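Q: First the structure, which I've put down as structure tokens, then a few questions once you've had a look.
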4 protein chains.
Amino acid sequence: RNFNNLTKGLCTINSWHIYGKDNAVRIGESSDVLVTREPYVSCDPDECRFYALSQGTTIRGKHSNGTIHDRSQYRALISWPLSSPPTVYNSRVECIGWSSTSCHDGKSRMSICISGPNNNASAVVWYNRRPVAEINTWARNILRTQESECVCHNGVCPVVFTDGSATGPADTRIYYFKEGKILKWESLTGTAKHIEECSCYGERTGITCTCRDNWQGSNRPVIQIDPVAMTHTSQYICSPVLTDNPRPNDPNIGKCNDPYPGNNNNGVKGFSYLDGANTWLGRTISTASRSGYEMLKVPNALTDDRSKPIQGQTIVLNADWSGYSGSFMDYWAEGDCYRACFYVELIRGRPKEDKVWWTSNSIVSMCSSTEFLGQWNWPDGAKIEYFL
Amino acid sequence: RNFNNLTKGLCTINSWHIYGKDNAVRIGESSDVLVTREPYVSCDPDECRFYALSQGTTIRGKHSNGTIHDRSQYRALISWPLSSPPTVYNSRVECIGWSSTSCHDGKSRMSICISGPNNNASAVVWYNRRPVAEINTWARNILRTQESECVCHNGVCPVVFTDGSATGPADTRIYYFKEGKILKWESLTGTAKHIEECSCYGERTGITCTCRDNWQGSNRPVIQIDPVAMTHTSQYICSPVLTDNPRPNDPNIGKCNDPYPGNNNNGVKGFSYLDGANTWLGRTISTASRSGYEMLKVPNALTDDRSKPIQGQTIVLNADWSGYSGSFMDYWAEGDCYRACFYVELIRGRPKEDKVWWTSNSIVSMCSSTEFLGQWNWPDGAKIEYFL
Amino acid sequence: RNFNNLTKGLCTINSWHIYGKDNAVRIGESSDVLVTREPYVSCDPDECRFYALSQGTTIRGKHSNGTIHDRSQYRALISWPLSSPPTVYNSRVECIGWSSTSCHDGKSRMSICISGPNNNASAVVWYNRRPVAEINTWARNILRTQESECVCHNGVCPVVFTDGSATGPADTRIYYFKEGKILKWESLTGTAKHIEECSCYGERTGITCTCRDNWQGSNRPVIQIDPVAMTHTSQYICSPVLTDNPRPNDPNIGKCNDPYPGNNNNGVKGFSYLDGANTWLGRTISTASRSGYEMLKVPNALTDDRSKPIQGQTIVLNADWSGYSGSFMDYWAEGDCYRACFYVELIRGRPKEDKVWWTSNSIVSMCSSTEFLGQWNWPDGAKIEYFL
Amino acid sequence: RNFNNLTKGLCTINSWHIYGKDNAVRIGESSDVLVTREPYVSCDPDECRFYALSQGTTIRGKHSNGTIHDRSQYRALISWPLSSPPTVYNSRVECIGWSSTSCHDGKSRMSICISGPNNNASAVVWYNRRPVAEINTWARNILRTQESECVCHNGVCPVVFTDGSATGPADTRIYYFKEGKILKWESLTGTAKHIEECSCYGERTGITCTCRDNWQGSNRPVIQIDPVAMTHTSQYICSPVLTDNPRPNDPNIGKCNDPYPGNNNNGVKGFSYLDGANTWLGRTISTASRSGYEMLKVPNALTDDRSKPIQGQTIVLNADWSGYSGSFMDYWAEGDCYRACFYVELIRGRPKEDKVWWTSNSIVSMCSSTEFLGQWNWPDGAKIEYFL
Ligand SMILES: *[C@@H]1O[C@H](CO)[C@@H](O[C@@H]2O[C@H](CO)[C@@H](O[C@@H]3O[C@H](CO[C@H]4O[C@H](CO[C@H]5O[C@H](CO)[C@@H](O)[C@H](O)[C@@H]5O)[C@@H](O)[C@H](O[C@H]5O[C@H](CO)[C@@H](O)[C@H](O)[C@@H]5O)[C@@H]4O)[C@@H](O)[C@H](O[C@H]4O[C@H](CO)[C@@H](O)[C@H](O)[C@@H]4O[C@H]4O[C@H](CO)[C@@H](O)[C@H](O)[C@@H]4O[C@H]4O[C@H](CO)[C@@H](O)[C@H](O)[C@@H]4O)[C@@H]3O)[C@H](O)[C@H]2NC(C)=O)[C@H](O)[C@H]1NC(C)=O
Ligand SMILES: *[C@@H]1O[C@H](CO)[C@@H](O[C@@H]2O[C@H](CO)[C@@H](O[C@@H]3O[C@H](CO[C@H]4O[C@H](CO[C@H]5O[C@H](CO)[C@@H](O)[C@H](O)[C@@H]5O)[C@@H](O)[C@H](O[C@H]5O[C@H](CO)[C@@H](O)[C@H](O)[C@@H]5O)[C@@H]4O)[C@@H](O)[C@H](O[C@H]4O[C@H](CO)[C@@H](O)[C@H](O)[C@@H]4O[C@H]4O[C@H](CO)[C@@H](O)[C@H](O)[C@@H]4O[C@H]4O[C@H](CO)[C@@H](O)[C@H](O)[C@@H]4O)[C@@H]3O)[C@H](O)[C@H]2NC(C)=O)[C@H](O)[C@H]1NC(C)=O
Ligand SMILES: *[C@@H]1O[C@H](CO)[C@@H](O[C@@H]2O[C@H](CO)[C@@H](O[C@@H]3O[C@H](CO[C@H]4O[C@H](CO[C@H]5O[C@H](CO)[C@@H](O)[C@H](O)[C@@H]5O)[C@@H](O)[C@H](O[C@H]5O[C@H](CO)[C@@H](O)[C@H](O)[C@@H]5O)[C@@H]4O)[C@@H](O)[C@H](O[C@H]4O[C@H](CO)[C@@H](O)[C@H](O)[C@@H]4O[C@H]4O[C@H](CO)[C@@H](O)[C@H](O)[C@@H]4O[C@H]4O[C@H](CO)[C@@H](O)[C@H](O)[C@@H]4O)[C@@H]3O)[C@H](O)[C@H]2NC(C)=O)[C@H](O)[C@H]1NC(C)=O
Ligand SMILES: *[C@@H]1O[C@H](CO)[C@@H](O[C@@H]2O[C@H](CO)[C@@H](O[C@@H]3O[C@H](CO[C@H]4O[C@H](CO[C@H]5O[C@H](CO)[C@@H](O)[C@H](O)[C@@H]5O)[C@@H](O)[C@H](O[C@H]5O[C@H](CO)[C@@H](O)[C@H](O)[C@@H]5O)[C@@H]4O)[C@@H](O)[C@H](O[C@H]4O[C@H](CO)[C@@H](O)[C@H](O)[C@@H]4O[C@H]4O[C@H](CO)[C@@H](O)[C@H](O)[C@@H]4O[C@H]4O[C@H](CO)[C@@H](O)[C@H](O)[C@@H]4O)[C@@H]3O)[C@H](O)[C@H]2NC(C)=O)[C@H](O)[C@H]1NC(C)=O
Ligand SMILES: CCC(CC)O[C@@H]1C=C(C(=O)O)C[C@H](N)[C@H]1NC(C)=O
Ligand SMILES: CCC(CC)O[C@@H]1C=C(C(=O)O)C[C@H](N)[C@H]1NC(C)=O
Ligand SMILES: CCC(CC)O[C@@H]1C=C(C(=O)O)C[C@H](N)[C@H]1NC(C)=O
Ligand SMILES: [Ca+2]
Ligand SMILES: [Ca+2]
Ligand SMILES: [Ca+2]
Ligand SMILES: [Ca+2]
């Protein structure tokens, strides 16, 4: 087998079709489904799998009480087959920790997990299911990474890390790995003022990451990585179509090199595909809470600060809870181009639903089509009443 | 490996022997068995598996309440090993939707699922476990397909779709796929007046489909497809041995090019093997409800409008519930000929058994023998009392 | 790969060591373990597995009520990994029926299941997980076979069938299969007066079967099969060490060509290894019920009607329930000789324990050693109280 | 494939990172997790797995009542995937018994289980999942072995056995196996006065074992094995840093060739890595009970009777229960050196927590890093209240 090379461009995106859905909370009502959060999707050359951070307990288990908690010693990055629920019996543990990333380079899979206390966290880099390299905290304030898949080109896999305050200036680094070993790291450069939880995809030798400004911005920071030169730039999506949550209402002029103001000290992991006229943005429908999800076709959103939507598709109704969202692609599919995909985390439980004492999620997943397909909406589908 | 070619004919069918039975409802009384309906069977070159449409919940789970419902966002086409029950832990998801078909071409498996609202449904074609082609609704009225396996010849797999009214003229299309890509489609031709849920099998370069007239007929429409020329004809089974449900009593003269009247706006998925003197028809024993199942040897049923049974075998007693039935064959078995097989869906729960609030099924499956074997009857075997 | 040839002899048997134990009833108290009976063990070239007849329900499931019943449509021959319990999720179904046999020929596995009503039963022969041949009842009175593994030599696998009364003269046949196809069958010959449930093993081109006389004898009938000439002889074990159950007390003179009298119309499946001075017999400790199990070294038991034990080993205490027992060997192990093995069925529930309404079993399994090893006793270990 | 050779040395150990954690007791609160004790970790060339002695029951199962019991017929050595819990459905049984060891030689895995009554125990040696050799008790007093992995060099695998009193002089033997067959055994030599439960690792053609003196010593005996000459020596760790439990307080002078006094007739399985200046010792934090665990860097602990710690890392807080600990290494990882690993058994239930009637454990596992990583603490994480 061989190192994957990013030689293709994105397929024309004319709509989105259903790709995967696990119905985890529905099924977990009467089965041994693991409590999770921060899910994502990542492909191997022969298989696509769901990924998430387990809480080391099932939903019906009494230890699910208090799983709104983010970081603990009982968390672990798990993977399981596409569209099946994350269960005790069908889940494979990749590594131990409460923040993670993962990707296949064509030959083997690299997985990274971060664990530890807030002032002494450390990352372990696994490659081919063995631990290979370790990274200590450099700012002693919750070392953390992407919570979705990384991308590899010719065996080189860039990973975005952040260490420091979640609500002020922090220390963001881009690490370049090959076979789990560290080739290089560099401090964040460019005009982006704060970076959390980057969603990445690869196209024609370039890697694009769409991130979360948890400090002052409701526009999304963007990191463009050159995986061959191992260099990067950063800015914001210039579009006045704001895609963080919570967020102000859409203005008529966006900001390219500074945060759009109005909401401080919060955000949500999100994604975008930035491809000239083929540009699609995702966001929650609500401007106030993590409910609803929609895709919006915004031509040149990355560079045009007046750009507005010309097409869209609803993924989750506003009346239904959403959550994190992120990008992935099957880089080993057939065809001349890469088909854009994404997932949406459907959070159930706390804080929004405090009749139960747990927090979990299920997953819905979509891929692009060149057809103009009809749309549906994909709620989690569980009824809280049944869990009382 | 290679594309399968339909070079063989049917084996002489002298009786039927038991092939598979999963006892899903019995076992699901105390295990994590998924609620399903619309099951079928399909073989790979190395394995035969059960298939069905899951409801995204187990039977004991509270979310099984209301699963008489046909189309929802929690449904998915699943497969699992022959004669095992469909459980949360042993089931593999093929694709997401509430109407489906699937077949192996010798090299890889094609699976098709349809999802969406009634006026905006769309089909996704998977090949080798990756999405490859999409089809939008053309009549905006529940785009739907076979609910049993398709058949492939030299990499070409015909699939019958219907879009439009279930109780009047509708738009039926035959699609021809190769490696998941669309080669051709054509509107329904011939004398068949309404097509639903075709059951297909392949023999000596020809593909035969037996379908359901849900509009006016209680005789079954038949589609004969040429997979090399990618053309087809259609008519009804001429035999006065009527095989839909519900249905009038058997007359002495059948109809070849028009529906046999008496029952409107209903039917059931069924099958037949049409092979001259080796012709066998399946049907429910009751003329009023989905109970009982029998096989009847009706020589030249396809072309002879006076033809009557000369041999038979009871599969399910009239006192026991049945349901959908359909055809499949192991095209990779040894021997000079293909052995005819079929399955019967054994529906339990609503509407017929409303003490419970769920609807599910188990599967019984048979194959042909050249021996004259003794017969048994194969009920689902669950006791509703235990579920109260 | 190649057809296995019986070129080796038995290893010297000086004692027995523990080989496998599944603790099914213990574990099944709080897990989804399938109710079973008639278990056995059979090896592939790369794996050894447990086999049994499932009842299509778990032990905790309410449908376990009445599973003392022998023949039903919910039974199936299942296999699962050595020393694990037979669970819904880890069991593989081989075929459907209520009497069975199975063996690997070196290339692929043949499995045979019999199903149907008492007067119309039929056997289906599976080879390489596909149905290949069918056999109708010839005496219309519960067609039945070995309930333990068959043995193959150069692709030829003899199987002993019985059809007719269980308490009088019946029609016993030896079938010779190759790749699931029937080469030959012949009626029972020799001095054995009644044959049920043969336990077989292979040595130096010869196949030895030890059976159950359910009519008048408490000595065990023996069938010696030549798999190359496809011929056989039969007689009884001449030894006064009687090994059926129930049975008279041991006399000082056994019978070679007629049943030893005193107990009519009952018996239990059992086994022996007949190897001159290396001869070991198994039997229940009790002469009245299926409790206890012991191995006895009885030199020339097959031919010497005065022969008595000179060594022994207790397997199950008399205070503990036993059941069927049978022989198997790993014909693909390393070494110059075949090591003798056996299993004992540990029946729990009805009729002996009627506080519960179910009947099930677990398995204990032993193999021979050339060392003189210490002995233990291996009870099932479940407590009935917990199931109330 | 090939026999592994111990050609490498240990990597410089500057700290420890998290490797694996199964959270078995947490998860087992509402899932079918097997009750276990005496766990360990062992690697194949392509996979690392958890190992433990099952009690033949799940934690929620009523048969978990009384599982503080050490030796019974319902115990078995099981293995399951790294960091998953030991469940009924995902566990593989290696062999039957209540004391065990296991290791891969590069080609295949050898597993050894001991079973039987106290005065008649015997070991069965499995190789490539088949039984190959048997060893009878030589002192008729609980034949017992390592309870963690053995190490192989060029196909030769040394295993340390003990037979006789646990609280006085006993008969310890070192067995040398190849492909499961016995090459040689020799009685214990050197100055070590009592040997139990050796933890072993391999480095540059030498095998080091750290054991438990259950008689008079609170310093740990050490066995150094030459696997090529098949010879050994023994002594104690000279360091005044005492690593058994319970134990006196640390003095300023240790003992090299005799037990350090103060605590009799007890101990705990433990480990050490003895590598000159790269020497790390493990021990419980408490001197009185099995709570807490810490690693201490003690230069030349093996030979220097004045040596004291110069660096350390806390693994489990003193407020949390610990248990057995032992060594393992991935001998098939990439790099010029072997990375030291270990596990800690986290015992929950009896005797320390007698509100429940069961005894079980979970596992935490660590590996060495050349980075100076921040430390966390890794408790089992279950709440006993939930099990009442
Ligand atoms: C079966 O399925 C199909 C396939 O899915 C369904 O068809 C889909 O239907 C949906 C819903 O209608 C469509 O999504 C919307 O698309 C519009 C954009 O399309 C319109 O506008 C285009 C651009 O117009 C401008 O530019 C052109 C220059 O070329 C100029 O001509 C024009 O005058 C104008 O200047 C048009 O080109 C386009 O026409 C085309 O499409 C028509 C069909 O749609 C067709 O008839 C035409 O012939 C032509 O082919 C069309 O007119 C998006 O604007 C819209 O997104 C807004 O609205 C949703 C609510 O629905 C909202 O959630 C979005 O966030 C967004 O609204 C916010 O953002 C704006 C920008 O910032 C802001 O200005 C708004 O005020 C609003 O802001 C507020 O809400 C947000 C959200 O909380 C908040 O953050 C803010 O702060 C503020 O509070 C939808 O995405 C699909 O495009 C369409 N797909 C296809 C293929 O047709 C079909 O309906 C189904 N059938 C059935 C029976 O159900
Ligand atoms: C052990 O197992 C074996 C193997 O399974 C068992 O043997 C099987 O037994 C079953 C049950 O008896 C048989 O099934 C029935 O078969 C008959 C057909 O066989 C008969 O008819 C043949 C044709 O006769 C005509 O043509 C010939 C020309 O050659 C002419 O000679 C003759 O006079 C007549 O003109 C005969 O050839 C055939 O003879 C052969 O077989 C005999 C044994 O069967 C043997 O003795 C002979 O020597 C010779 O070898 C035989 O006489 C089917 O007709 C029948 O199906 C009808 O009946 C069932 C109810 O049992 C019903 O459910 C069916 O739907 C059907 O009845 C409906 O359809 C008709 C056609 O439309 C209609 O006219 C009826 O009025 C009826 O319609 C009503 O009900 C339906 C259903 O709801 C409804 O829709 C309608 O509207 C209306 O309300 C059975 O299939 C097997 O063939 C047989 N197998 C074998 C290999 O023998 C054995 O019994 C078991 N042993 C034990 C101890 O249990
Ligand atoms: C640690 O583990 C080891 C290894 O397992 C344990 O050692 C084992 O211990 C067991 C139990 O003691 C032994 O099993 C018994 O073996 C005897 C046979 O061995 C004796 O007899 C031999 C033959 O003697 C005759 O021939 C020779 C000619 O060479 C002649 O010299 C002699 O005088 C006599 O004529 C002797 O060779 C043999 O000696 C050897 O072994 C000795 C140790 O055993 C050793 O000390 C010697 O130096 C020499 O090396 C020995 O004396 C079996 O007969 C016996 O089986 C009977 O008894 C059990 C009950 O225990 C019963 O269940 C059996 O069914 C059987 O009894 C029935 O069958 C008879 C035949 O029909 C009948 O006559 C009886 O009346 C009885 O019938 C009644 O009960 C049955 C059952 O319900 C019923 O069906 C009937 O109708 C009727 O009601 C045992 O199998 C192992 O052999 C032995 N293994 C080894 C390697 O030593 C050790 O004990 C453990 N240690 C500890 C501390 O626990
Ligand atoms: C983020 O994570 C990092 C990484 O983990 C954290 O950093 C770690 O912090 C821990 C905790 O502080 C450290 O573990 C302790 O290490 C000390 C040893 O280090 C000290 O001593 C060294 C040796 O000093 C001697 O020799 C040198 C000669 O070179 C000489 O210079 C010196 O004067 C003296 O003679 C020093 O070299 C060393 O300095 C280095 O490290 C410093 C940072 O640690 C740094 O500042 C320096 O510049 C230099 O680089 C340092 O001073 C261990 O001694 C200690 O272990 C004892 O204490 C724990 C309790 O904490 C106890 O459980 C242990 O069992 C042990 O105590 C017992 O054993 C003794 C020996 O027998 C005995 O004498 C004691 O009385 C005691 O005995 C009692 O308790 C036991 C236990 O029950 C019982 O059995 C007895 O009977 C009796 O009752 C710790 O292991 C790590 O080393 C350190 N790692 C690193 C890389 O720095 C960091 O804290 C985290 N950050 C945050 C914010 O949380
Ligand atoms: C420490 C700041 C960080 C990103 C803003 O908080 C995240 C936000 C979360 C959220 O907004 O739901 C949940 C994340 N699990 C959490 N990440 C970590 C490592 O705890
Ligand atoms: C929309 C008409 C269609 C065929 C008549 O209804 C079917 C009949 C069913 C039935 O008769 O039981 C159940 C099918 N799940 C359903 N198919 C869909 C797509 O909903
Ligand atoms: C027989 C002495 C032996 C070592 C001291 O006891 C062990 C100590 C144990 C313990 O200290 O927790 C549990 C072990 N399961 C047990 N080993 C056996 C074979 O029973
Ligand atoms: Ca923000
Ligand atoms: Ca109809
Ligand atoms: Ca008898
Ligand atoms: Ca001690």
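Convention: chains lettered A, B, ... in structure tokens order; per-chain residue numbering from 1; ligands numbered from 1 as shown.
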Tell me which protein, DNA and RNA residues are within 8 Å of segment 189-202 of chain A, counting only C-alpha atoms, leaving out same-chain ones fewer than 2 positions away, and put them as a PyMOL selection string.
A: chain A and resi 6+145-152+160+162+168-170+172+187+204-215+221-222+232-236+257-259+269-272+326-329
Q: Using only C-alpha atoms and all ligand atoms, which residues of the polymer chains come no farther than 9 Å from ligand 9? I'd like the answer as a list in words.
A: residues 212, 213, 214, 215, 216, 217, 218, 219, 220, 244, 245, 246, 247, 259, 260, 261, 263, 264, 265, 266, 267 and 268 of chain B
Q: Please produce an output containing C-alpha atoms for each residue in the selection, written as an mmCIF file, in the first residue's frame.
A:
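New file out_36.cif:
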data_model
loop_
_atom_site.group_PDB
_atom_site.id
_atom_site.type_symbol
_atom_site.label_atom_id
_atom_site.label_comp_id
_atom_site.auth_asym_id
_atom_site.auth_seq_id
_atom_site.Cartn_x
_atom_site.Cartn_y
_atom_site.Cartn_z
ATOM 1 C CA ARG B 212 -47.529 -6.469 -6.890
ATOM 2 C CA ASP B 213 -50.478 -4.714 -8.540
ATOM 3 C CA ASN B 214 -51.693 -2.526 -5.678
ATOM 4 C CA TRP B 215 -54.422 -0.915 -7.785
ATOM 5 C CA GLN B 216 -56.982 -3.287 -9.319
ATOM 6 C CA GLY B 217 -55.399 -6.693 -9.818
ATOM 7 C CA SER B 218 -55.181 -9.843 -7.750
ATOM 8 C CA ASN B 219 -53.152 -11.587 -10.414
ATOM 9 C CA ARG B 220 -49.463 -10.655 -10.322
ATOM 10 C CA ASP B 244 -51.961 -11.581 -4.412
ATOM 11 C CA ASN B 245 -53.560 -10.787 -1.043
ATOM 12 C CA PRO B 246 -56.322 -9.979 -0.489
ATOM 13 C CA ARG B 247 -57.828 -11.632 -3.565
ATOM 14 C CA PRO B 259 -55.777 -7.006 -13.780
ATOM 15 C CA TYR B 260 -58.143 -9.607 -12.312
ATOM 16 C CA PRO B 261 -60.835 -7.562 -10.483
ATOM 17 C CA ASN B 263 -60.014 -6.298 -4.734
ATOM 18 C CA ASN B 264 -58.777 -2.725 -5.006
ATOM 19 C CA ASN B 265 -56.138 -0.573 -3.354
ATOM 20 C CA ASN B 266 -54.191 -3.285 -1.569
ATOM 21 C CA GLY B 267 -51.815 -6.187 -2.095
ATOM 22 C CA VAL B 268 -48.736 -7.881 -0.680
#
Q: Residues of chain B that approach ligand 2 to 9 Å or less, counting only C-alpha atoms and all ligand atoms: could you list each one with the shortest pair of atoms and its distance in Å to one decimal, rows by chain and increasing residue number, as JSON lines?
A:
{"residue": "B:14", "atom": "CA", "partner": "ligand 2", "partner_atom_place_in_ligand_line": "97 (C)", "distance": 7.4}
{"residue": "B:15", "atom": "CA", "partner": "ligand 2", "partner_atom_place_in_ligand_line": "97 (C)", "distance": 7.2}
{"residue": "B:16", "atom": "CA", "partner": "ligand 2", "partner_atom_place_in_ligand_line": "5 (O)", "distance": 8.6}
{"residue": "B:240", "atom": "CA", "partner": "ligand 2", "partner_atom_place_in_ligand_line": "72 (O)", "distance": 6.8}
{"residue": "B:241", "atom": "CA", "partner": "ligand 2", "partner_atom_place_in_ligand_line": "72 (O)", "distance": 5.0}
{"residue": "B:242", "atom": "CA", "partner": "ligand 2", "partner_atom_place_in_ligand_line": "85 (O)", "distance": 7.0}
{"residue": "B:243", "atom": "CA", "partner": "ligand 2", "partner_atom_place_in_ligand_line": "85 (O)", "distance": 7.9}
{"residue": "B:247", "atom": "CA", "partner": "ligand 2", "partner_atom_place_in_ligand_line": "85 (O)", "distance": 7.6}
{"residue": "B:248", "atom": "CA", "partner": "ligand 2", "partner_atom_place_in_ligand_line": "87 (O)", "distance": 6.2}
{"residue": "B:249", "atom": "CA", "partner": "ligand 2", "partner_atom_place_in_ligand_line": "87 (O)", "distance": 3.0}
{"residue": "B:250", "atom": "CA", "partner": "ligand 2", "partner_atom_place_in_ligand_line": "87 (O)", "distance": 4.3}
{"residue": "B:251", "atom": "CA", "partner": "ligand 2", "partner_atom_place_in_ligand_line": "72 (O)", "distance": 7.1}
{"residue": "B:252", "atom": "CA", "partner": "ligand 2", "partner_atom_place_in_ligand_line": "72 (O)", "distance": 7.8}
{"residue": "B:283", "atom": "CA", "partner": "ligand 2", "partner_atom_place_in_ligand_line": "65 (O)", "distance": 8.3}
{"residue": "B:284", "atom": "CA", "partner": "ligand 2", "partner_atom_place_in_ligand_line": "83 (O)", "distance": 7.5}
{"residue": "B:285", "atom": "CA", "partner": "ligand 2", "partner_atom_place_in_ligand_line": "83 (O)", "distance": 4.5}
{"residue": "B:286", "atom": "CA", "partner": "ligand 2", "partner_atom_place_in_ligand_line": "83 (O)", "distance": 5.0}
{"residue": "B:287", "atom": "CA", "partner": "ligand 2", "partner_atom_place_in_ligand_line": "85 (O)", "distance": 5.6}
{"residue": "B:292", "atom": "CA", "partner": "ligand 2", "partner_atom_place_in_ligand_line": "83 (O)", "distance": 9.0}
{"residue": "B:293", "atom": "CA", "partner": "ligand 2", "partner_atom_place_in_ligand_line": "63 (O)", "distance": 8.6}
{"residue": "B:294", "atom": "CA", "partner": "ligand 2", "partner_atom_place_in_ligand_line": "63 (O)", "distance": 6.8}
{"residue": "B:295", "atom": "CA", "partner": "ligand 2", "partner_atom_place_in_ligand_line": "91 (O)", "distance": 7.2}
{"residue": "B:296", "atom": "CA", "partner": "ligand 2", "partner_atom_place_in_ligand_line": "91 (O)", "distance": 5.7}
{"residue": "B:297", "atom": "CA", "partner": "ligand 2", "partner_atom_place_in_ligand_line": "91 (O)", "distance": 7.7}
{"residue": "B:307", "atom": "CA", "partner": "ligand 2", "partner_atom_place_in_ligand_line": "71 (C)", "distance": 8.7}
{"residue": "B:308", "atom": "CA", "partner": "ligand 2", "partner_atom_place_in_ligand_line": "71 (C)", "distance": 5.4}
{"residue": "B:309", "atom": "CA", "partner": "ligand 2", "partner_atom_place_in_ligand_line": "54 (O)", "distance": 5.2}
{"residue": "B:310", "atom": "CA", "partner": "ligand 2", "partner_atom_place_in_ligand_line": "23 (C)", "distance": 3.8}
{"residue": "B:311", "atom": "CA", "partner": "ligand 2", "partner_atom_place_in_ligand_line": "93 (O)", "distance": 3.6}
{"residue": "B:312", "atom": "CA", "partner": "ligand 2", "partner_atom_place_in_ligand_line": "91 (O)", "distance": 3.2}
{"residue": "B:313", "atom": "CA", "partner": "ligand 2", "partner_atom_place_in_ligand_line": "5 (O)", "distance": 5.3}
{"residue": "B:314", "atom": "CA", "partner": "ligand 2", "partner_atom_place_in_ligand_line": "91 (O)", "distance": 7.2}
{"residue": "B:318", "atom": "CA", "partner": "ligand 2", "partner_atom_place_in_ligand_line": "83 (O)", "distance": 8.7}
{"residue": "B:371", "atom": "CA", "partner": "ligand 2", "partner_atom_place_in_ligand_line": "97 (C)", "distance": 9.0}
{"residue": "B:372", "atom": "CA", "partner": "ligand 2", "partner_atom_place_in_ligand_line": "97 (C)", "distance": 5.3}
{"residue": "B:373", "atom": "CA", "partner": "ligand 2", "partner_atom_place_in_ligand_line": "4 (C)", "distance": 5.5}
{"residue": "B:374", "atom": "CA", "partner": "ligand 2", "partner_atom_place_in_ligand_line": "2 (O)", "distance": 3.3}
{"residue": "B:375", "atom": "CA", "partner": "ligand 2", "partner_atom_place_in_ligand_line": "5 (O)", "distance": 4.3}
{"residue": "B:376", "atom": "CA", "partner": "ligand 2", "partner_atom_place_in_ligand_line": "2 (O)", "distance": 7.6}
Q: Determine which residues of chain C sit within 7 Å of chain B, taking into account only C-alpha atoms, and present them as a list in words.
A: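 Matching residues, ligands excluded from the count: residues 32, 56, 57, 58, 60, 61, 62, 63, 73, 74, 89, 93, 96, 116, 117, 120, 121, 122, 134 and 136 of chain C.
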Q: Once DSSP has gone over the backbone, tell me which residues of segment 16-111 of chain A are in strand (DSSP E or B), as JSON, numbers by chain.
A: {"A": [16, 17, 18, 19, 20, 21, 33, 34, 35, 36, 37, 38, 39, 40, 41, 42, 43, 44, 47, 48, 49, 50, 51, 52, 53, 54, 55, 56, 57, 58, 76, 77, 78, 79, 80, 81, 87, 92, 93, 94, 95, 96, 99, 100, 101, 102, 103, 104, 109, 110, 111]}
Q: May I ask which of the residues B:12, B:154, B:128, B:141 is the closest one to ligand 6, counting only C-alpha atoms and all ligand atoms?
A: B:141
Q: When you count only C-alpha atoms and all ligand atoms, which of these residues is closest to ligand 10: C:98, C:167, C:70, C:127?
A: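 So, comparing all the options, the nearest one is C:167.
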